[PDB]
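Presented below is the structure to which this report refers.
What follows is calculated from the coordinates using simple rules that are stated; it is not laboratory data. Here the Cβ is made from the backbone with ideal geometry for all residues, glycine too, and neighbour counts use every protein chain on show.
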Amino acid sequence: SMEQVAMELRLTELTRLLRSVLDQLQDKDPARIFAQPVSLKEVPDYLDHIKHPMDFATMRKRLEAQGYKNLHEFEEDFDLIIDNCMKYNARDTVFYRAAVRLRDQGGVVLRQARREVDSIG
């Protein structure tokens, strides 16, 4: 149907916007601490601690399959990155501190993304 096509164009355009958001958030992680999944070879107990691991590569795979229906779903995955790190790692670690900085800097980006998603529809 033509309606299904229109919905698909909307999803495509959301995906374009989320790709730009993802690029901007990932620039706030210049150390690449959140770039890839935590390695279960290197941290074998991880899944005993963290039940829903997340990282920017995994988000990018979902994004490119157009698997984010709305901004809330995308933000859920970004918050997992941060929140997982802040639980597994202690306050005095470079990992925790990187997550705080990513949260703080990403907030700005996400605030305007929400306005754009609402504005453009």
Quiz item: Which helices, taking whole DSSP H runs in the chain, have alpha carbons extending 27 angstrom or more along the helix axis plus mean Kyte-Doolittle at least -0.5?
Solution: 2-27, 94-120
Exercise. Only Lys, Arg, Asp and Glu count, each charged at its Cβ (+1, +1, -1, -1), so figure out the dipole size of the chain about its Cα centre, rounded to 20 debye.
Key: 240 debye
Quiz prompt | the chain: calculated mean residue ellipticity at 222 nm from DSSP helix runs of at least 4, using -39500 (n - 2.57) | solution = -23000 deg cm²/dmol
